[PDB]
(Lines of atoms letter the chains of each structure in order from A and count residues from 1; the text may use other names and numbers.)
(Lines give C-alpha, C1' and ligand atoms only; values in the text may rest on other atoms or scores of the structure.)
Protein backbone atom coordinates (compact mmCIF):
# COMPACT_ATOMS: atom_id res chain seq x y z
CA UNK A 1 0.00 0.00 0.00
CA UNK A 2 2.30 2.73 -1.26
CA UNK A 3 0.44 6.01 -1.29
CA UNK A 4 0.80 8.44 -4.17
CA UNK A 5 0.49 12.04 -3.11
CA UNK A 6 -1.74 14.51 -4.88
CA UNK A 7 -0.50 17.94 -5.79
CA UNK A 8 -2.35 19.33 -2.80
CA UNK A 9 -0.71 16.71 -0.58
CA UNK A 10 2.64 17.70 -1.95
CA UNK A 11 2.03 21.32 -1.08
CA UNK A 12 1.51 20.48 2.57
CA UNK A 13 4.62 18.29 2.59
CA UNK A 14 6.71 21.16 1.31
CA UNK A 15 5.56 23.19 4.31
CA UNK A 16 6.21 20.43 6.82
CA UNK A 17 9.55 19.69 5.21
CA UNK A 18 10.63 23.32 5.42
CA UNK A 19 9.60 23.52 9.12
CA UNK A 20 11.67 20.49 9.93
CA UNK A 21 14.68 21.84 8.09
CA UNK A 22 14.32 25.12 9.90
CA UNK A 23 14.60 23.48 13.34
CA UNK A 24 18.01 22.16 12.26
CA UNK A 25 19.09 25.51 10.95
CA UNK A 26 17.95 27.24 14.14
CA UNK A 27 19.69 24.95 16.57
CA UNK A 28 23.16 25.24 15.18
CA UNK A 29 24.43 28.06 17.38
CA UNK A 30 23.47 26.16 20.48
CA UNK A 31 25.57 23.16 19.72
CA UNK A 32 28.73 23.67 21.70
CA UNK A 33 30.83 22.08 24.40
CA UNK A 34 29.09 21.97 27.80
CA UNK A 35 25.52 22.03 26.46
CA UNK A 36 23.38 19.08 27.48
CA UNK A 37 21.27 17.09 25.00
CA UNK A 38 18.30 17.68 27.34
CA UNK A 39 18.65 21.40 26.81
CA UNK A 40 18.84 20.99 22.99
CA UNK A 41 15.66 18.95 23.10
CA UNK A 42 13.87 21.69 25.08
CA UNK A 43 14.92 24.44 22.73
CA UNK A 44 13.74 22.40 19.77
CA UNK A 45 10.42 21.59 21.36
CA UNK A 46 9.71 25.15 22.28
CA UNK A 47 10.49 26.34 18.81
CA UNK A 48 8.28 23.73 17.17
CA UNK A 49 5.33 24.43 19.43
CA UNK A 50 5.59 28.10 20.20
CA UNK A 51 7.00 29.58 17.06
CA UNK A 52 6.17 27.17 14.35
CA UNK A 53 2.80 26.26 15.83
CA UNK A 54 3.50 22.71 14.83
CA UNK A 55 3.96 19.46 16.66
CA UNK A 56 6.76 16.97 17.17
CA UNK A 57 5.89 13.63 15.72
CA UNK A 58 8.26 11.85 18.05
CA UNK A 59 6.70 12.73 21.39
CA UNK A 60 4.62 9.76 22.54
CA UNK A 61 5.26 7.72 19.36
CA UNK A 62 5.38 4.15 20.60
CA UNK A 63 5.97 5.85 23.94
CA UNK A 64 9.04 7.92 22.93
CA UNK A 65 9.56 10.38 25.71
CA UNK A 66 11.14 13.38 24.07
CA UNK A 67 10.70 15.68 21.11
CA UNK A 68 13.77 14.90 18.99
CA UNK A 69 16.36 12.18 18.81
CA UNK A 70 19.94 13.14 19.63
CA UNK A 71 22.63 10.57 18.94
CA UNK A 72 26.21 11.10 20.02
CA UNK A 73 29.30 9.30 18.69
CA UNK A 74 28.79 5.57 18.98
CA UNK A 75 25.02 5.97 19.40
CA UNK A 76 23.57 4.95 16.02
CA UNK A 77 20.07 6.27 16.41
CA UNK A 78 17.21 7.05 18.80
CA UNK A 79 19.47 8.62 21.37
CA UNK A 80 17.34 10.03 24.12
CA UNK A 81 17.94 13.61 25.15
CA UNK A 82 19.04 13.94 28.77
CA UNK A 83 19.98 16.86 31.07
CA UNK A 84 22.98 14.90 32.27
CA UNK A 85 24.54 14.16 28.87
CA UNK A 86 26.91 17.03 28.02
CA UNK A 87 28.66 17.57 24.75
CA UNK A 88 32.51 17.70 24.62
CA UNK A 89 35.01 18.87 22.04
CA UNK A 90 35.24 16.42 19.19
CA UNK A 91 31.85 14.82 19.65
CA UNK A 92 29.83 14.15 16.46
CA UNK A 93 26.10 14.39 17.02
CA UNK A 94 23.04 13.64 14.96
CA UNK A 95 19.85 15.61 15.62
CA UNK A 96 16.82 13.92 13.95
CA UNK A 97 13.67 15.95 13.76
CA UNK A 98 10.15 15.01 12.56
CA UNK A 99 7.50 17.71 12.63
CA UNK A 100 3.77 17.48 11.89
CA UNK A 101 1.97 20.41 10.28
CA UNK A 102 -1.59 20.20 8.96
CA UNK A 103 -1.40 16.51 9.34
CA UNK A 104 1.67 15.99 7.15
CA UNK A 105 5.10 14.90 8.32
CA UNK A 106 8.60 16.36 7.55
CA UNK A 107 11.53 14.11 8.60
CA UNK A 108 15.21 15.13 8.45
CA UNK A 109 18.53 14.95 10.30
CA UNK A 110 22.12 16.12 10.13
CA UNK A 111 25.36 15.69 11.95
CA UNK A 112 26.96 18.51 13.92
CA UNK A 113 30.62 18.51 15.00
CA UNK A 114 31.17 19.94 18.48
CA UNK A 115 34.08 22.22 19.01
CA UNK A 116 37.31 21.00 17.45
CA UNK A 117 36.73 18.08 15.12
CA UNK A 118 38.63 14.84 15.06
CA UNK A 119 39.94 13.54 11.75
CA UNK A 120 37.76 10.40 11.87
CA UNK A 121 34.69 12.34 12.85
CA UNK A 122 34.97 14.84 10.06
CA UNK A 123 35.69 12.17 7.54
CA UNK A 124 32.81 9.98 8.63
CA UNK A 125 30.32 12.80 8.51
CA UNK A 126 31.48 13.84 5.09
CA UNK A 127 31.27 10.40 3.58
CA UNK A 128 27.88 9.79 5.02
CA UNK A 129 26.44 13.02 3.61
CA UNK A 130 28.01 12.24 0.25
CA UNK A 131 26.42 8.79 0.29
CA UNK A 132 23.08 10.50 0.75
CA UNK A 133 23.67 12.93 -2.03
CA UNK A 134 24.73 10.14 -4.43
CA UNK A 135 21.41 8.43 -3.76
CA UNK A 136 19.46 11.62 -4.32
CA UNK A 137 21.01 12.08 -7.73
CA UNK A 138 19.74 8.72 -8.80
CA UNK A 139 16.10 9.19 -7.88
CA UNK A 140 13.72 9.26 -10.89
CA UNK A 141 10.66 7.52 -12.21
CA UNK A 142 11.13 3.98 -13.44
CA UNK A 143 14.26 3.14 -11.44
CA UNK A 144 14.24 0.25 -8.89
CA UNK A 145 14.93 1.20 -5.23
CA UNK A 146 17.33 -1.70 -5.15
CA UNK A 147 19.73 0.20 -7.36
CA UNK A 148 19.85 3.03 -4.88
CA UNK A 149 20.61 0.83 -1.90
CA UNK A 150 23.28 -0.94 -3.89
CA UNK A 151 24.94 2.33 -4.87
CA UNK A 152 25.07 3.63 -1.28
CA UNK A 153 26.62 0.43 -0.07
CA UNK A 154 29.21 0.28 -2.75
CA UNK A 155 30.25 3.84 -2.07
CA UNK A 156 30.48 3.52 1.66
CA UNK A 157 32.36 0.23 1.65
CA UNK A 158 34.81 1.58 -0.91
CA UNK A 159 35.67 4.27 1.64
CA UNK A 160 36.39 1.69 4.33
CA UNK A 161 33.20 2.14 6.34
CA UNK A 162 30.10 -0.04 6.80
CA UNK A 163 26.35 0.46 6.40
CA UNK A 164 23.80 -0.36 9.06
CA UNK A 165 21.33 -2.99 7.83
CA UNK A 166 18.58 -2.82 10.42
CA UNK A 167 17.26 0.64 9.99
CA UNK A 168 16.11 2.15 6.76
CA UNK A 169 14.35 4.98 5.05
CA UNK A 170 10.60 4.89 4.66
CA UNK A 171 7.58 6.28 2.97
CA UNK A 172 6.12 9.26 4.77
CA UNK A 173 3.09 11.54 4.48
CA UNK A 174 -0.02 11.61 6.68
CA UNK A 175 1.70 8.62 8.32
CA UNK A 176 5.17 8.77 9.93
CA UNK A 177 6.50 5.49 8.62
CA UNK A 178 4.71 4.36 5.49
CA UNK A 179 5.66 1.91 2.73
CA UNK A 180 8.02 1.36 1.33
CA UNK A 181 11.09 0.34 3.31
CA UNK A 182 14.12 2.08 1.75
CA UNK A 183 17.13 -0.16 2.33
CA UNK A 184 20.60 1.43 2.34
CA UNK A 185 22.24 -1.68 0.93
CA UNK A 186 22.06 -4.20 -1.89
CA UNK A 187 19.41 -6.83 -1.36
CA UNK A 188 17.81 -9.29 -3.72
CA UNK A 189 14.69 -8.81 -1.59
CA UNK A 190 14.20 -5.24 -2.85
CA UNK A 191 11.85 -4.76 -5.80
CA UNK A 192 10.11 -1.41 -6.01
CA UNK A 193 9.87 0.75 -9.08
CA UNK A 194 9.61 4.44 -8.47
CA UNK A 195 6.79 6.63 -9.73
CA UNK A 196 6.03 10.30 -9.49
CA UNK A 197 4.12 11.39 -6.44
CA UNK A 198 5.85 8.96 -4.13
CA UNK A 199 7.37 10.59 -1.02
CA UNK A 200 9.94 8.90 1.13
CA UNK A 201 13.11 9.41 3.12
CA UNK A 202 16.71 8.34 2.47
CA UNK A 203 18.71 8.22 5.80
CA UNK A 204 21.77 6.04 5.70
CA UNK A 205 23.53 5.16 8.97
CA UNK A 206 27.21 4.57 8.51
CA UNK A 207 29.68 3.14 10.95
CA UNK A 208 33.38 3.87 11.12
CA UNK A 209 33.85 0.28 12.25
CA UNK A 210 31.85 -2.90 11.68
CA UNK A 211 28.21 -2.99 10.76
CA UNK A 212 26.86 -4.71 13.87
CA UNK A 213 24.60 -2.86 16.22
CA UNK A 214 23.03 -3.38 19.60
CA UNK A 215 19.89 -2.06 21.32
CA UNK A 216 20.46 -0.74 24.82
CA UNK A 217 18.46 -1.69 27.95
CA UNK A 218 16.58 1.62 27.85
CA UNK A 219 14.90 0.05 24.88
CA UNK A 220 15.58 2.90 22.54
CA UNK A 221 19.22 3.71 22.21
CA UNK A 222 21.11 1.81 19.53
CA UNK A 223 24.91 1.68 19.55
CA UNK A 224 27.55 0.10 17.40
CA UNK A 225 28.71 -3.28 18.70
CA UNK A 226 32.34 -2.38 18.36
CA UNK A 227 31.84 1.09 19.80
CA UNK A 228 33.04 2.77 16.60
CA UNK A 229 31.60 6.15 15.58
CA UNK A 230 28.35 6.17 13.61
CA UNK A 231 26.87 8.89 11.46
CA UNK A 232 23.62 9.61 9.66
CA UNK A 233 21.98 12.22 7.46
CA UNK A 234 18.38 12.29 6.30
CA UNK A 235 16.19 14.08 3.80
CA UNK A 236 12.47 13.70 2.81
CA UNK A 237 11.87 13.80 -0.97
CA UNK A 238 9.13 13.63 -3.57
CA UNK A 239 9.63 11.75 -6.87
CA UNK A 240 8.87 14.14 -9.77
CA UNK A 241 8.28 13.58 -13.48
CA UNK A 242 11.97 13.74 -14.23
CA UNK A 243 13.81 13.42 -10.99
CA UNK A 244 13.14 14.48 -7.45
CA UNK A 245 12.59 17.44 -5.20
CA UNK A 246 14.17 17.62 -1.78
CA UNK A 247 11.56 18.82 0.70
CA UNK A 248 13.83 19.31 3.71
CA UNK A 249 16.72 21.15 2.05
CA UNK A 250 18.61 23.60 4.30
CA UNK A 251 20.83 26.60 3.64
CA UNK A 252 23.97 24.47 4.23
CA UNK A 253 23.07 21.66 1.88
CA UNK A 254 25.23 21.81 -1.23
CA UNK A 255 22.92 19.90 -3.55
CA UNK A 256 20.18 21.65 -5.54
CA UNK A 257 16.61 21.35 -4.28
CA UNK A 258 15.35 20.15 -7.66
CA UNK A 259 17.29 17.47 -9.46
CA UNK A 260 16.40 17.02 -13.14
CA UNK A 261 17.29 14.27 -15.52
CA UNK A 262 17.24 14.50 -19.32
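Residue numbers count along the first chain shown, from 1. By rigid core we mean the largest C-alpha set that fits within 1.5 Å across both forms.
Engineer: Superpose on the core, then say which of 216-224 and 201-209 ends up with the larger RMS Cα offset from this form in 5 other deposited structures of this protein.
Structural biologist: Most displaced of the pair in 5 other deposited structures of this protein: 216-224.
Engineer: Test of understanding: from the entry's C-alpha B-factors, which stretch has the higher mean, 115-123 or 137-145?
Structural biologist: It is 115-123.
Engineer: Read off the CA B-factors in the entry, average them over 217-225 and over 62-70, and name the higher stretch.
Structural biologist: Of 62-70 and 217-225, the stretch with the higher C-alpha B-factor average is 217-225.
Engineer: Check the PDB entry and point out which of 245, 253, 22, 11 has the largest C-alpha temperature factor.
Structural biologist: Checking the PDB record, the top C-alpha B-factor among 245, 253, 22, 11 is at 11.
Engineer: Looking at the C-alpha B-factor values in the deposited entry, which of 130, 91, 157, 179 comes out highest?
Structural biologist: Max CA B-factor in the entry, restricted to 130, 91, 157, 179: 179.
Engineer: Pull the Cα B-factor of residue 95 out of the PDB entry and bin it into the chain's lowest, middle or highest third.
Structural biologist: Lowest third - that is where residue 95 ends up once the chain's C-alpha B-factors are sorted.
Engineer: State the tercile, meaning the lowest, middle or highest third, of residue 161 with respect to the CA B-factors recorded for its chain.
Structural biologist: Answer is lowest: the recorded C-alpha B-factor places it there.
Engineer: Looking at the entry's B-factor column for C-alpha atoms only, identify whether residue 153 ranks in the lowest, middle or highest third of its chain.
Structural biologist: Residue 153: CA B-factor falls in the middle third of its chain.
Engineer: Going by the recorded CA B-factors, say which third of the chain residue 259 sits in, lowest, middle or highest.
Structural biologist: Middle third of the chain for residue 259's C-alpha B-factor.
Engineer: Once the chain's modelled residues are ordered by C-alpha B factor and cut into thirds, is residue 235 in the lowest, middle or highest one?
Structural biologist: Bottom third by C-alpha B-factor.
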